[PDB]
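File shown here: start25.cif, holding mmCIF, C-alpha atoms and all ligand atoms; chains and numbers go by the auth columns.
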data_start
#
loop_
_atom_site.group_PDB
_atom_site.id
_atom_site.type_symbol
_atom_site.label_atom_id
_atom_site.label_comp_id
_atom_site.label_asym_id
_atom_site.label_seq_id
_atom_site.Cartn_x
_atom_site.Cartn_y
_atom_site.Cartn_z
_atom_site.B_iso_or_equiv
_atom_site.auth_seq_id
_atom_site.auth_asym_id
ATOM 1 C CA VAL A 1 10.108 -4.934 0.745 0.00 1 A
ATOM 2 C CA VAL A 2 12.492 -7.737 -0.176 0.00 2 A
ATOM 3 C CA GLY A 3 15.359 -6.783 -2.447 0.00 3 A
ATOM 4 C CA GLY A 4 14.671 -3.089 -2.147 0.00 4 A
ATOM 5 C CA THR A 5 16.933 -0.124 -1.688 0.00 5 A
ATOM 6 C CA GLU A 6 16.482 2.686 0.816 0.00 6 A
ATOM 7 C CA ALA A 7 14.211 5.443 -0.488 0.00 7 A
ATOM 8 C CA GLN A 8 15.393 9.025 -0.468 0.00 8 A
ATOM 9 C CA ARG A 9 13.469 10.732 2.352 0.00 9 A
ATOM 10 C CA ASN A 10 11.531 13.061 0.028 0.00 10 A
ATOM 11 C CA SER A 11 10.770 10.682 -2.826 0.00 11 A
ATOM 12 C CA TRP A 12 7.408 9.233 -1.820 0.00 12 A
ATOM 13 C CA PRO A 13 5.673 11.828 0.297 0.00 13 A
ATOM 14 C CA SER A 14 2.213 10.237 0.169 0.00 14 A
ATOM 15 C CA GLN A 15 3.484 7.042 1.813 0.00 15 A
ATOM 16 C CA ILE A 16 2.263 6.612 5.366 0.00 16 A
ATOM 17 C CA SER A 17 2.929 4.147 8.160 0.00 17 A
ATOM 18 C CA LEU A 18 -0.196 2.639 9.671 0.00 18 A
ATOM 19 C CA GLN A 19 0.491 1.706 13.269 0.00 19 A
ATOM 20 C CA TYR A 20 -1.443 0.175 16.105 0.00 20 A
ATOM 21 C CA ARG A 21 -1.212 0.732 19.764 0.00 21 A
ATOM 22 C CA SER A 22 0.469 -1.937 21.783 0.00 22 A
ATOM 23 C CA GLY A 23 0.915 -1.334 25.483 0.00 23 A
ATOM 24 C CA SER A 24 2.575 2.037 25.902 0.00 24 A
ATOM 25 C CA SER A 25 3.933 2.030 22.370 0.00 25 A
ATOM 26 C CA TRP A 26 3.005 1.966 18.718 0.00 26 A
ATOM 27 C CA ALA A 27 3.889 -0.716 16.177 0.00 27 A
ATOM 28 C CA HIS A 28 4.002 -0.378 12.423 0.00 28 A
ATOM 29 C CA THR A 29 1.683 -2.881 10.747 0.00 29 A
ATOM 30 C CA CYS A 30 0.884 -1.589 7.276 0.00 30 A
ATOM 31 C CA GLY A 31 1.426 1.114 4.699 0.00 31 A
ATOM 32 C CA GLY A 32 -1.043 3.434 3.123 0.00 32 A
ATOM 33 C CA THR A 33 -1.353 6.350 0.779 0.00 33 A
ATOM 34 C CA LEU A 34 -2.389 9.806 1.859 0.00 34 A
ATOM 35 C CA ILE A 35 -5.063 10.819 -0.676 0.00 35 A
ATOM 36 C CA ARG A 36 -6.626 13.809 1.133 0.00 36 A
ATOM 37 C CA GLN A 37 -5.318 15.876 4.020 0.00 37 A
ATOM 38 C CA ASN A 38 -7.604 13.787 6.263 0.00 38 A
ATOM 39 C CA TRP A 39 -7.939 10.569 4.272 0.00 39 A
ATOM 40 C CA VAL A 40 -5.650 7.542 3.828 0.00 40 A
ATOM 41 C CA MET A 41 -6.104 4.682 1.398 0.00 41 A
ATOM 42 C CA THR A 42 -4.927 1.311 2.706 0.00 42 A
ATOM 43 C CA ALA A 43 -5.788 -2.413 2.446 0.00 43 A
ATOM 44 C CA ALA A 44 -8.938 -3.691 4.147 0.00 44 A
ATOM 45 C CA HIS A 45 -7.108 -6.653 5.646 0.00 45 A
ATOM 46 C CA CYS A 46 -4.871 -4.181 7.483 0.00 46 A
ATOM 47 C CA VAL A 47 -7.778 -3.008 9.579 0.00 47 A
ATOM 48 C CA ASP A 48 -9.447 -6.421 10.149 0.00 48 A
ATOM 49 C CA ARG A 49 -8.399 -6.356 13.784 0.00 49 A
ATOM 50 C CA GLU A 50 -10.225 -4.229 16.337 0.00 50 A
ATOM 51 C CA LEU A 51 -7.120 -2.214 17.196 0.00 51 A
ATOM 52 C CA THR A 52 -6.374 1.422 17.875 0.00 52 A
ATOM 53 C CA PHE A 53 -4.688 2.809 14.788 0.00 53 A
ATOM 54 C CA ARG A 54 -2.701 5.900 14.008 0.00 54 A
ATOM 55 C CA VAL A 55 -1.175 7.173 10.797 0.00 55 A
ATOM 56 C CA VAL A 56 2.273 8.673 10.547 0.00 56 A
ATOM 57 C CA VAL A 57 2.934 10.968 7.657 0.00 57 A
ATOM 58 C CA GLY A 58 6.413 12.352 6.850 0.00 58 A
ATOM 59 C CA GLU A 59 7.904 9.152 8.253 0.00 59 A
ATOM 60 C CA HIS A 60 11.192 7.805 7.007 0.00 60 A
ATOM 61 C CA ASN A 61 12.830 5.841 9.823 0.00 61 A
ATOM 62 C CA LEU A 62 10.357 4.066 12.068 0.00 62 A
ATOM 63 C CA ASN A 63 12.671 4.027 15.080 0.00 63 A
ATOM 64 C CA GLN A 64 14.349 7.437 14.849 0.00 64 A
ATOM 65 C CA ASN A 65 13.274 11.041 14.927 0.00 65 A
ATOM 66 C CA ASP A 66 13.256 12.301 11.385 0.00 66 A
ATOM 67 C CA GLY A 67 12.137 15.823 12.303 0.00 67 A
ATOM 68 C CA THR A 68 9.328 15.620 9.745 0.00 68 A
ATOM 69 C CA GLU A 69 6.672 13.274 11.194 0.00 69 A
ATOM 70 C CA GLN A 70 3.055 14.058 11.924 0.00 70 A
ATOM 71 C CA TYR A 71 1.167 11.546 14.085 0.00 71 A
ATOM 72 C CA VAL A 72 -2.577 11.467 13.707 0.00 72 A
ATOM 73 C CA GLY A 73 -5.304 9.230 15.033 0.00 73 A
ATOM 74 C CA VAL A 74 -7.716 7.289 12.853 0.00 74 A
ATOM 75 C CA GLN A 75 -11.226 8.507 13.520 0.00 75 A
ATOM 76 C CA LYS A 76 -13.214 6.462 11.017 0.00 76 A
ATOM 77 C CA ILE A 77 -12.482 3.281 9.049 0.00 77 A
ATOM 78 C CA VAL A 78 -14.465 2.552 5.878 0.00 78 A
ATOM 79 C CA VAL A 79 -13.728 -0.911 4.532 0.00 79 A
ATOM 80 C CA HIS A 80 -14.979 -1.880 1.097 0.00 80 A
ATOM 81 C CA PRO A 81 -18.391 -3.389 1.783 0.00 81 A
ATOM 82 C CA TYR A 82 -17.640 -6.423 -0.384 0.00 82 A
ATOM 83 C CA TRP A 83 -14.417 -7.285 1.484 0.00 83 A
ATOM 84 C CA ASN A 84 -14.247 -10.765 3.056 0.00 84 A
ATOM 85 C CA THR A 85 -11.274 -11.416 5.365 0.00 85 A
ATOM 86 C CA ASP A 86 -10.950 -15.107 4.673 0.00 86 A
ATOM 87 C CA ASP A 87 -11.078 -14.609 0.903 0.00 87 A
ATOM 88 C CA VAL A 88 -8.334 -12.112 -0.007 0.00 88 A
ATOM 89 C CA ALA A 89 -8.332 -13.657 -3.506 0.00 89 A
ATOM 90 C CA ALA A 90 -11.892 -12.352 -3.968 0.00 90 A
ATOM 91 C CA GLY A 91 -10.517 -8.858 -4.003 0.00 91 A
ATOM 92 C CA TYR A 92 -11.954 -5.660 -2.527 0.00 92 A
ATOM 93 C CA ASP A 93 -8.878 -5.360 -0.311 0.00 93 A
ATOM 94 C CA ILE A 94 -9.202 -1.639 0.129 0.00 94 A
ATOM 95 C CA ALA A 95 -10.181 0.654 2.961 0.00 95 A
ATOM 96 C CA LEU A 96 -10.323 4.373 3.572 0.00 96 A
ATOM 97 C CA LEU A 97 -9.260 5.868 6.884 0.00 97 A
ATOM 98 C CA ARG A 98 -10.529 9.310 7.883 0.00 98 A
ATOM 99 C CA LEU A 99 -7.962 11.058 10.042 0.00 99 A
ATOM 100 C CA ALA A 100 -8.843 12.792 13.258 0.00 100 A
ATOM 101 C CA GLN A 101 -6.933 15.802 12.035 0.00 101 A
ATOM 102 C CA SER A 102 -6.026 17.183 8.644 0.00 102 A
ATOM 103 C CA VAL A 103 -2.301 16.849 8.179 0.00 103 A
ATOM 104 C CA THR A 104 -0.101 19.660 6.897 0.00 104 A
ATOM 105 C CA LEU A 105 1.490 19.311 3.488 0.00 105 A
ATOM 106 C CA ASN A 106 5.185 19.974 2.782 0.00 106 A
ATOM 107 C CA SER A 107 7.995 18.242 0.879 0.00 107 A
ATOM 108 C CA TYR A 108 7.517 15.188 3.122 0.00 108 A
ATOM 109 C CA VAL A 109 3.720 15.043 3.153 0.00 109 A
ATOM 110 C CA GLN A 110 1.784 15.217 -0.125 0.00 110 A
ATOM 111 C CA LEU A 111 -1.347 13.633 -1.582 0.00 111 A
ATOM 112 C CA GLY A 112 -0.858 10.561 -3.706 0.00 112 A
ATOM 113 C CA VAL A 113 -2.180 10.922 -7.214 0.00 113 A
ATOM 114 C CA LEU A 114 -4.535 8.143 -8.316 0.00 114 A
ATOM 115 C CA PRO A 115 -4.938 6.841 -11.866 0.00 115 A
ATOM 116 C CA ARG A 116 -7.915 7.554 -13.997 0.00 116 A
ATOM 117 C CA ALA A 117 -10.763 5.104 -13.566 0.00 117 A
ATOM 118 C CA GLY A 118 -10.405 1.921 -15.606 0.00 118 A
ATOM 119 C CA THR A 119 -6.754 2.499 -16.462 0.00 119 A
ATOM 120 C CA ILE A 120 -4.807 -0.748 -17.047 0.00 120 A
ATOM 121 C CA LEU A 121 -1.046 -0.751 -17.392 0.00 121 A
ATOM 122 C CA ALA A 122 0.811 -2.408 -20.201 0.00 122 A
ATOM 123 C CA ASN A 123 2.685 -5.562 -19.272 0.00 123 A
ATOM 124 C CA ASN A 124 6.063 -4.752 -17.741 0.00 124 A
ATOM 125 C CA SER A 125 5.174 -1.150 -16.902 0.00 125 A
ATOM 126 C CA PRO A 126 7.744 0.527 -14.561 0.00 126 A
ATOM 127 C CA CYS A 127 6.606 0.684 -10.957 0.00 127 A
ATOM 128 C CA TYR A 128 8.119 0.877 -7.499 0.00 128 A
ATOM 129 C CA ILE A 129 6.686 -0.671 -4.398 0.00 129 A
ATOM 130 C CA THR A 130 7.455 1.229 -1.224 0.00 130 A
ATOM 131 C CA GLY A 131 7.211 0.282 2.408 0.00 131 A
ATOM 132 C CA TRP A 132 8.678 -0.759 5.720 0.00 132 A
ATOM 133 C CA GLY A 133 7.631 -4.412 5.470 0.00 133 A
ATOM 134 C CA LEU A 134 9.878 -7.391 5.943 0.00 134 A
ATOM 135 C CA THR A 135 13.111 -7.248 4.015 0.00 135 A
ATOM 136 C CA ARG A 136 13.177 -11.051 3.799 0.00 136 A
ATOM 137 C CA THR A 137 10.541 -13.763 3.948 0.00 137 A
ATOM 138 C CA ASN A 138 9.969 -14.400 7.715 0.00 138 A
ATOM 139 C CA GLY A 139 12.415 -11.552 8.314 0.00 139 A
ATOM 140 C CA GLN A 140 11.972 -8.302 10.045 0.00 140 A
ATOM 141 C CA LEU A 141 10.636 -4.920 9.214 0.00 141 A
ATOM 142 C CA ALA A 142 12.802 -2.316 7.547 0.00 142 A
ATOM 143 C CA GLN A 143 13.753 0.589 9.759 0.00 143 A
ATOM 144 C CA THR A 144 13.960 3.001 6.798 0.00 144 A
ATOM 145 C CA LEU A 145 11.464 3.225 3.948 0.00 145 A
ATOM 146 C CA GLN A 146 12.396 0.806 1.160 0.00 146 A
ATOM 147 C CA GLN A 147 11.613 0.861 -2.530 0.00 147 A
ATOM 148 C CA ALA A 148 11.887 -1.896 -5.050 0.00 148 A
ATOM 149 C CA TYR A 149 11.505 -1.798 -8.793 0.00 149 A
ATOM 150 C CA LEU A 150 8.631 -4.131 -9.628 0.00 150 A
ATOM 151 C CA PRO A 151 7.438 -4.046 -13.226 0.00 151 A
ATOM 152 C CA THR A 152 3.839 -5.055 -13.789 0.00 152 A
ATOM 153 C CA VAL A 153 2.798 -8.490 -14.869 0.00 153 A
ATOM 154 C CA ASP A 154 -0.425 -8.149 -16.797 0.00 154 A
ATOM 155 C CA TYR A 155 -3.602 -10.016 -16.032 0.00 155 A
ATOM 156 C CA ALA A 156 -3.136 -12.581 -18.825 0.00 156 A
ATOM 157 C CA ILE A 157 0.277 -13.652 -17.574 0.00 157 A
ATOM 158 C CA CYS A 158 -0.430 -13.325 -13.886 0.00 158 A
ATOM 159 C CA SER A 159 -3.721 -15.252 -14.016 0.00 159 A
ATOM 160 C CA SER A 160 -2.065 -18.038 -15.995 0.00 160 A
ATOM 161 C CA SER A 161 -1.444 -21.428 -14.353 0.00 161 A
ATOM 162 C CA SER A 162 2.337 -20.863 -13.833 0.00 162 A
ATOM 163 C CA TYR A 163 1.630 -17.698 -11.955 0.00 163 A
ATOM 164 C CA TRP A 164 -1.362 -17.146 -9.714 0.00 164 A
ATOM 165 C CA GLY A 165 -4.022 -18.905 -11.754 0.00 165 A
ATOM 166 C CA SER A 166 -7.575 -17.984 -10.793 0.00 166 A
ATOM 167 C CA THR A 167 -6.422 -16.499 -7.508 0.00 167 A
ATOM 168 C CA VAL A 168 -5.756 -13.186 -9.205 0.00 168 A
ATOM 169 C CA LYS A 169 -8.653 -11.131 -10.485 0.00 169 A
ATOM 170 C CA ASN A 170 -8.756 -8.350 -13.002 0.00 170 A
ATOM 171 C CA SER A 171 -9.476 -6.012 -10.067 0.00 171 A
ATOM 172 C CA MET A 172 -5.864 -6.606 -9.061 0.00 172 A
ATOM 173 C CA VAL A 173 -2.453 -5.533 -10.351 0.00 173 A
ATOM 174 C CA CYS A 174 0.464 -7.975 -10.242 0.00 174 A
ATOM 175 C CA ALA A 175 4.022 -6.697 -10.130 0.00 175 A
ATOM 176 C CA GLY A 176 7.415 -8.377 -9.854 0.00 176 A
ATOM 177 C CA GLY A 177 7.661 -12.116 -9.613 0.00 177 A
ATOM 178 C CA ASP A 178 11.406 -12.267 -10.345 0.00 178 A
ATOM 179 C CA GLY A 179 12.267 -14.236 -7.177 0.00 179 A
ATOM 180 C CA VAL A 180 14.474 -11.460 -5.826 0.00 180 A
ATOM 181 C CA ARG A 181 12.257 -8.420 -5.304 0.00 181 A
ATOM 182 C CA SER A 182 8.832 -8.273 -3.747 0.00 182 A
ATOM 183 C CA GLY A 183 6.438 -6.783 -1.275 0.00 183 A
ATOM 184 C CA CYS A 184 6.325 -8.575 2.041 0.00 184 A
ATOM 185 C CA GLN A 185 4.370 -8.505 5.316 0.00 185 A
ATOM 186 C CA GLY A 186 4.157 -4.993 6.649 0.00 186 A
ATOM 187 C CA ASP A 187 4.021 -3.551 3.116 0.00 187 A
ATOM 188 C CA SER A 188 0.278 -4.346 2.844 0.00 188 A
ATOM 189 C CA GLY A 189 -1.880 -1.342 2.269 0.00 189 A
ATOM 190 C CA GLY A 190 0.963 0.698 0.851 0.00 190 A
ATOM 191 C CA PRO A 191 1.350 1.923 -2.697 0.00 191 A
ATOM 192 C CA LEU A 192 2.558 0.655 -5.991 0.00 192 A
ATOM 193 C CA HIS A 193 3.778 3.782 -7.766 0.00 193 A
ATOM 194 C CA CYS A 194 3.774 3.463 -11.525 0.00 194 A
ATOM 195 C CA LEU A 195 5.242 5.940 -13.958 0.00 195 A
ATOM 196 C CA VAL A 196 2.590 7.045 -16.506 0.00 196 A
ATOM 197 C CA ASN A 197 2.964 9.962 -18.974 0.00 197 A
ATOM 198 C CA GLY A 198 5.878 11.201 -16.890 0.00 198 A
ATOM 199 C CA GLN A 199 4.055 11.211 -13.542 0.00 199 A
ATOM 200 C CA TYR A 200 4.027 8.589 -10.803 0.00 200 A
ATOM 201 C CA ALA A 201 0.554 7.574 -9.702 0.00 201 A
ATOM 202 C CA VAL A 202 -0.526 5.016 -7.104 0.00 202 A
ATOM 203 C CA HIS A 203 -1.933 2.187 -9.187 0.00 203 A
ATOM 204 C CA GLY A 204 -1.839 -0.475 -6.525 0.00 204 A
ATOM 205 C CA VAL A 205 -2.576 -1.045 -2.853 0.00 205 A
ATOM 206 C CA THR A 206 -0.413 -3.947 -1.653 0.00 206 A
ATOM 207 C CA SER A 207 -2.650 -6.903 -0.845 0.00 207 A
ATOM 208 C CA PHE A 208 -0.845 -10.254 -0.781 0.00 208 A
ATOM 209 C CA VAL A 209 2.017 -12.509 -1.631 0.00 209 A
ATOM 210 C CA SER A 210 2.433 -16.244 -1.821 0.00 210 A
ATOM 211 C CA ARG A 211 1.939 -18.414 1.250 0.00 211 A
ATOM 212 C CA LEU A 212 5.324 -19.824 0.168 0.00 212 A
ATOM 213 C CA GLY A 213 7.088 -16.541 0.850 0.00 213 A
ATOM 214 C CA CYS A 214 7.428 -12.995 -0.382 0.00 214 A
ATOM 215 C CA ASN A 215 9.954 -13.188 -3.258 0.00 215 A
ATOM 216 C CA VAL A 216 8.781 -16.307 -5.043 0.00 216 A
ATOM 217 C CA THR A 217 9.387 -16.695 -8.753 0.00 217 A
ATOM 218 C CA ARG A 218 6.198 -16.374 -10.777 0.00 218 A
ATOM 219 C CA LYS A 219 4.333 -15.296 -7.694 0.00 219 A
ATOM 220 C CA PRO A 220 4.380 -11.550 -8.217 0.00 220 A
ATOM 221 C CA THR A 221 3.186 -9.289 -5.433 0.00 221 A
ATOM 222 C CA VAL A 222 -0.540 -8.695 -5.785 0.00 222 A
ATOM 223 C CA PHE A 223 -2.148 -5.307 -5.299 0.00 223 A
ATOM 224 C CA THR A 224 -5.666 -4.015 -5.340 0.00 224 A
ATOM 225 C CA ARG A 225 -6.048 -2.110 -8.617 0.00 225 A
ATOM 226 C CA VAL A 226 -6.780 1.446 -7.541 0.00 226 A
ATOM 227 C CA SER A 227 -8.256 2.368 -10.881 0.00 227 A
ATOM 228 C CA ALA A 228 -11.022 -0.167 -10.261 0.00 228 A
ATOM 229 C CA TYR A 229 -12.117 1.752 -7.159 0.00 229 A
ATOM 230 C CA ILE A 230 -12.101 5.449 -8.128 0.00 230 A
ATOM 231 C CA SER A 231 -15.858 5.856 -7.891 0.00 231 A
ATOM 232 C CA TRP A 232 -15.938 3.924 -4.632 0.00 232 A
ATOM 233 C CA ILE A 233 -13.215 6.148 -3.187 0.00 233 A
ATOM 234 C CA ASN A 234 -14.938 9.342 -4.338 0.00 234 A
ATOM 235 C CA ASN A 235 -18.308 8.112 -3.031 0.00 235 A
ATOM 236 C CA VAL A 236 -16.850 7.411 0.399 0.00 236 A
ATOM 237 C CA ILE A 237 -14.998 10.720 0.732 0.00 237 A
ATOM 238 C CA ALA A 238 -18.024 12.669 -0.511 0.00 238 A
ATOM 239 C CA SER A 239 -20.284 10.927 2.031 0.00 239 A
ATOM 240 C CA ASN A 240 -17.928 11.220 4.995 0.00 240 A
HETATM 241 BR BR BR B . 4.251 9.616 -3.392 0.00 1 B
HETATM 242 BR BR BR B . -7.359 17.565 0.628 0.00 2 B
HETATM 243 BR BR BR B . -14.672 2.999 12.528 0.00 3 B
HETATM 244 BR BR BR B . -7.536 19.643 11.992 0.00 4 B
HETATM 245 BR BR BR B . -3.918 7.468 -15.273 0.00 5 B
HETATM 246 BR BR BR B . -2.975 -2.453 -14.081 0.00 6 B
HETATM 247 BR BR BR B . -12.314 -0.967 -13.816 0.00 7 B
HETATM 248 BR BR BR B . -14.127 3.116 -10.729 0.00 8 B
HETATM 249 NA NA NA B . 10.850 8.574 12.324 0.00 9 B
HETATM 250 XE XE XE B . 2.092 -8.525 1.517 0.00 10 B
#

Once more with this new file: its structure as structure tokens, please.
Ligand SMILES: [Br-]
Ligand SMILES: [Br-]
Ligand SMILES: [Br-]
Ligand SMILES: [Br-]
Ligand SMILES: [Br-]
Ligand SMILES: [Br-]
Ligand SMILES: [Br-]
Ligand SMILES: [Br-]
Ligand code: NA
Ligand SMILES: [Xe]
Amino acid sequence: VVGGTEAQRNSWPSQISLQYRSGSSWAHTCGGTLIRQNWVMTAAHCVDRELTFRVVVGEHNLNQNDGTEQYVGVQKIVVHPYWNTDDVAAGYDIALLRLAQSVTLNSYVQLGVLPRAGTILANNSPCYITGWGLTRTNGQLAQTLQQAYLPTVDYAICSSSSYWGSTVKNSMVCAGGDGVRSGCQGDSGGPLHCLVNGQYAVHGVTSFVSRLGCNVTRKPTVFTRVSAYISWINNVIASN
């Protein structure tokens, strides 16, 4: 998250850190959203590689004991069957991870609430992106969970020529684009939390930014629109 501020440790308890094994250690690669005690919603591109993944729930500082973490292996990965890794602009950047164990809920570990199917936010709706991704373009990961205020940019504006043109699809949510604040690498798969009727819900799964860089004016961060995938998500959880 570029231009973010440090999240309070109990503000976004469905955020997870998706990590892969590297040697005798684990490296954060992506975010995700806990949506069931044994299911995480993340971006399909996050699990393109044939790695060993784990999820950490109740994580705040990647590199320090918080006293609240639960570490759990990924037992099954269900990528959207229409996903194509060399066409992120096609969409379908969404995947569900079944955990090897059901995690325990507490103030630090809670299910993310998802929007109702079909729901589209008004232009400039209030949202926060959260994650441990780079804090600058070609920078380094955040040690502590970051949040940045990233109002939505609706499909008409974001699919216009000045913005993303035909690269963005209506199955995506755009947010930000102010040149200062953005998602960045390592935020992929994590949530966009948008305030609706007084409740935050996860409307977006972070998918991509500009090849030019993370905080690029008129290149808002692009997210998979969760409310386009509610039936998919329910079908997968019900079948697995
Ligand atoms: Br949350
Ligand atoms: Br559950
Ligand atoms: Br699998
Ligand atoms: Br269990
Ligand atoms: Br909703
Ligand atoms: Br939307
Ligand atoms: Br829809
Ligand atoms: Br749906
Ligand atoms: Na930690
Ligand atoms: Xe990203």

TODO: Counting all atoms listed in the file, select every polymer residue within 8 Å of (0.6, -14.1, 1.7) as defined in the file's coordinates, and provide the selection as a ChimeraX atom specification.
DONE: /A:184-185,208-214

Open item on the list: Please enumerate the residues selected by the PyMOL selection byres (((chain A and resi 232-240) around 8) and not hetatm) when evaluated against the supplied file, formatted as a list in words.
Closed with: residues 39, 78, 96, 229, 230 and 231 of chain A

Task: Residue with smallest distance to residue 45 in chain A - pool A:59, A:87, A:69, A:6, counting only C-alpha atoms - done: A:87

Determine, using all atoms listed in the file, which residues of chain A have any atom at most 12 Å from an atom of ligand XE 10 (chain B), and tabulate each with its shortest atom pair and distance in Å to one decimal place, rows ordered by chain and then rising number, as a Markdown table.
| residue | atom | partner | partner_atom | distance |
| --- | --- | --- | --- | --- |
| A:1 | CA | B:XE10 | XE | 8.8 |
| A:2 | CA | B:XE10 | XE | 10.6 |
| A:29 | CA | B:XE10 | XE | 10.8 |
| A:30 | CA | B:XE10 | XE | 9.1 |
| A:31 | CA | B:XE10 | XE | 10.2 |
| A:43 | CA | B:XE10 | XE | 10.0 |
| A:45 | CA | B:XE10 | XE | 10.3 |
| A:46 | CA | B:XE10 | XE | 10.1 |
| A:88 | CA | B:XE10 | XE | 11.1 |
| A:93 | CA | B:XE10 | XE | 11.6 |
| A:129 | CA | B:XE10 | XE | 10.9 |
| A:130 | CA | B:XE10 | XE | 11.5 |
| A:131 | CA | B:XE10 | XE | 10.2 |
| A:132 | CA | B:XE10 | XE | 11.0 |
| A:133 | CA | B:XE10 | XE | 8.0 |
| A:134 | CA | B:XE10 | XE | 9.0 |
| A:135 | CA | B:XE10 | XE | 11.4 |
| A:136 | CA | B:XE10 | XE | 11.6 |
| A:137 | CA | B:XE10 | XE | 10.2 |
| A:138 | CA | B:XE10 | XE | 11.6 |
| A:174 | CA | B:XE10 | XE | 11.9 |
| A:175 | CA | B:XE10 | XE | 11.9 |
| A:182 | CA | B:XE10 | XE | 8.6 |
| A:183 | CA | B:XE10 | XE | 5.5 |
| A:184 | CA | B:XE10 | XE | 4.3 |
| A:185 | CA | B:XE10 | XE | 4.4 |
| A:186 | CA | B:XE10 | XE | 6.6 |
| A:187 | CA | B:XE10 | XE | 5.6 |
| A:188 | CA | B:XE10 | XE | 4.7 |
| A:189 | CA | B:XE10 | XE | 8.2 |
| A:190 | CA | B:XE10 | XE | 9.3 |
| A:191 | CA | B:XE10 | XE | 11.3 |
| A:192 | CA | B:XE10 | XE | 11.9 |
| A:205 | CA | B:XE10 | XE | 9.8 |
| A:206 | CA | B:XE10 | XE | 6.1 |
| A:207 | CA | B:XE10 | XE | 5.5 |
| A:208 | CA | B:XE10 | XE | 4.1 |
| A:209 | CA | B:XE10 | XE | 5.1 |
| A:210 | CA | B:XE10 | XE | 8.4 |
| A:211 | CA | B:XE10 | XE | 9.9 |
| A:212 | CA | B:XE10 | XE | 11.8 |
| A:213 | CA | B:XE10 | XE | 9.5 |
| A:214 | CA | B:XE10 | XE | 7.2 |
| A:215 | CA | B:XE10 | XE | 10.3 |
| A:219 | CA | B:XE10 | XE | 11.6 |
| A:220 | CA | B:XE10 | XE | 10.4 |
| A:221 | CA | B:XE10 | XE | 7.1 |
| A:222 | CA | B:XE10 | XE | 7.8 |
| A:223 | CA | B:XE10 | XE | 8.6 |
| A:224 | CA | B:XE10 | XE | 11.3 |

- [ ] Would you kindly translate the PyMOL selection byres (((chain A and resi 12-21) around 8) and not hetatm) into the concrete residues it picks from this file, as a ChimeraX atom specification?
- [x] /A:7,9-11,22-35,51-59,107-112,130-132,190-191

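CA of residue 117 in chain A is found 6.3 Å from atom BR of ligand BR 7 (chain B).
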
Open item on the list: Please find the residues contacting ligand BR 7 (chain B) at a distance of at most 12 Å between atoms, with only C-alpha atoms and all ligand atoms counted, and report them as a VMD selection string.
Closed with: chain A and resid 115 to 121 169 to 173 203 224 to 232

Can you spit out the residues from that selection as a short mmCIF file (atom, residue, chain, number, x, y, z; two decimals), keeping the file's coordinate frame, using C-alpha atoms?
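To be explicit, this is the file written out as result_24.cif:
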data_model
loop_
_atom_site.label_atom_id
_atom_site.label_comp_id
_atom_site.auth_asym_id
_atom_site.auth_seq_id
_atom_site.Cartn_x
_atom_site.Cartn_y
_atom_site.Cartn_z
CA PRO A 115 -4.94 6.84 -11.87
CA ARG A 116 -7.92 7.55 -14.00
CA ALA A 117 -10.76 5.10 -13.57
CA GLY A 118 -10.40 1.92 -15.61
CA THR A 119 -6.75 2.50 -16.46
CA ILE A 120 -4.81 -0.75 -17.05
CA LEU A 121 -1.05 -0.75 -17.39
CA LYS A 169 -8.65 -11.13 -10.48
CA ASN A 170 -8.76 -8.35 -13.00
CA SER A 171 -9.48 -6.01 -10.07
CA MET A 172 -5.86 -6.61 -9.06
CA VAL A 173 -2.45 -5.53 -10.35
CA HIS A 203 -1.93 2.19 -9.19
CA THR A 224 -5.67 -4.01 -5.34
CA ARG A 225 -6.05 -2.11 -8.62
CA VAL A 226 -6.78 1.45 -7.54
CA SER A 227 -8.26 2.37 -10.88
CA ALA A 228 -11.02 -0.17 -10.26
CA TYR A 229 -12.12 1.75 -7.16
CA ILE A 230 -12.10 5.45 -8.13
CA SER A 231 -15.86 5.86 -7.89
CA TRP A 232 -15.94 3.92 -4.63
#

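With only C-alpha atoms and all ligand atoms as the atoms that count, the residue of A:122, A:196, A:113, A:145 with the shortest distance to ligand BR 1 (chain B) is A:113.
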
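When CA of residue 140 in chain A is paired with CA of residue 195 in chain A, their separation reads 28.7 Å.
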
Open item on the list: Show me which residues are within 12 Å of ligand BR 4 (chain B) counting all atoms listed in the file, and format the list as a list in words.
Closed with: residues 37, 38, 39, 70, 72, 73, 75, 98, 99, 100, 101, 102, 103 and 104 of chain A

Write the selection just made, keeping C-alpha atoms, as a compact mmCIF listing (two decimals), in the frame of the given file?
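Produced file selection27.txt, reproduced below:
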# COMPACT_ATOMS: atom_id res chain seq x y z
CA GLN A 37 -5.32 15.88 4.02
CA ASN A 38 -7.60 13.79 6.26
CA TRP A 39 -7.94 10.57 4.27
CA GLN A 70 3.06 14.06 11.92
CA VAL A 72 -2.58 11.47 13.71
CA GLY A 73 -5.30 9.23 15.03
CA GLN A 75 -11.23 8.51 13.52
CA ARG A 98 -10.53 9.31 7.88
CA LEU A 99 -7.96 11.06 10.04
CA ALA A 100 -8.84 12.79 13.26
CA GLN A 101 -6.93 15.80 12.04
CA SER A 102 -6.03 17.18 8.64
CA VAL A 103 -2.30 16.85 8.18
CA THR A 104 -0.10 19.66 6.90

- [ ] Could you jot down the CA of residue 199 in chain A to CA of residue 61 in chain A separation for me, Å, one decimal place?
- [x] 25.5 Å

Open item on the list: When you count only C-alpha atoms and all ligand atoms, which of these residues is closest to ligand NA 9 (chain B): A:143, A:79, A:92, A:47?
Closed with: A:143

Give me the residues near residue 158 in chain A as a short mmCIF file (atom, residue, chain, number, x, y, z; two decimals) with C-alpha atoms, keeping the file's coordinate frame, where near means some atom within 8 Å (using all atoms listed in the file) and where sequence neighbours in that chain fewer than 3 positions away do not count.
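Contents of out-v9.cif, freshly written:
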data_model
loop_
_atom_site.label_atom_id
_atom_site.label_comp_id
_atom_site.auth_asym_id
_atom_site.auth_seq_id
_atom_site.Cartn_x
_atom_site.Cartn_y
_atom_site.Cartn_z
CA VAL A 153 2.80 -8.49 -14.87
CA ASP A 154 -0.42 -8.15 -16.80
CA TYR A 155 -3.60 -10.02 -16.03
CA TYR A 163 1.63 -17.70 -11.96
CA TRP A 164 -1.36 -17.15 -9.71
CA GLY A 165 -4.02 -18.90 -11.75
CA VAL A 168 -5.76 -13.19 -9.20
CA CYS A 174 0.46 -7.98 -10.24
CA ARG A 218 6.20 -16.37 -10.78
CA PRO A 220 4.38 -11.55 -8.22
#
